[PDB]
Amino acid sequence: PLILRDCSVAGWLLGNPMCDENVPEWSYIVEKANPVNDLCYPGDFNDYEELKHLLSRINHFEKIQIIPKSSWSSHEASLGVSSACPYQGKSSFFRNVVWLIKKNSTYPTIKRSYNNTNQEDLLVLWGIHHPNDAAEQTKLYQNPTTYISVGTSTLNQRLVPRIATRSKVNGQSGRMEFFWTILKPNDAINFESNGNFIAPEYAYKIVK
């Protein structure tokens, strides 16, 4: 059985900066009751309970790199951090995903893709940012109206960000919603978006 050291399953998968992050081939997952290394940025994890039951009986887990952070020539991929996600007194973010911002006051549409060229199933994660108001939307992504289109051979979804006056959690009033699909071998996930996109950097080759 795996013993997560004061981290939630989501915080470890997305790579929480405060979470240390192990030896694979476990028989059960064991997390804290109220782990301090939560989702540093406020939000939710879609189908979170179904992902936990799917990882209880595993045989191999290895963090591969599906998309390098240096592979972002058309967007800003380093200014994406928040006070709610600290590391050594400095603002950070989840290590396994990339918060993309606009570069030179422009944000073109993304159409990058990736095929699973591995003999094992591939678990990939991604998220959407829900800004505070219209002014924050233009300040981060310029484009007022935006969307996210994630598509696999067995998945098709279109995410639209929402805007509302929310209370502060861990400091910020913004929110982030995280999703996950399984990528069987010889299949490709297709991403199309024009803002509010939390792109993946590392994935997980799993085997049950």
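Counting begins at 1, following the sequence as shown.
Going from residue 187 to residue 188, you skip over nothing: the modelled chain follows the deposited sequence without a break. The stretch with the higher mean CA B factor, choosing between 110 to 118 and 92 to 100, is 110 to 118. Checked against the record, the higher mean CA B factor of 80 to 88 and 130 to 138 lies with 80 to 88. Across the options 32, 162, 166, 158, the residue with the most elevated CA B-factor in the record is 32.
Take 195, 200, 24, 11 and read off each C-alpha B-factor from the entry; 24 has the highest. Ranked by C-alpha B-factor against the other modelled residues of its chain, residue 183 falls in the middle third. Remark: residue 152 belongs to the middle third of its chain, ranked by C-alpha B-factor as recorded. When the modelled residues of the chain are ordered by C-alpha B-factor, residue 175 sits in the lowest third. Annotation for residue 67: C-alpha temperature factor in the middle third relative to the rest of the modelled chain, per the entry. Among all modelled residues in its chain, residue 37 ranks in the highest third by Cα B-factor.
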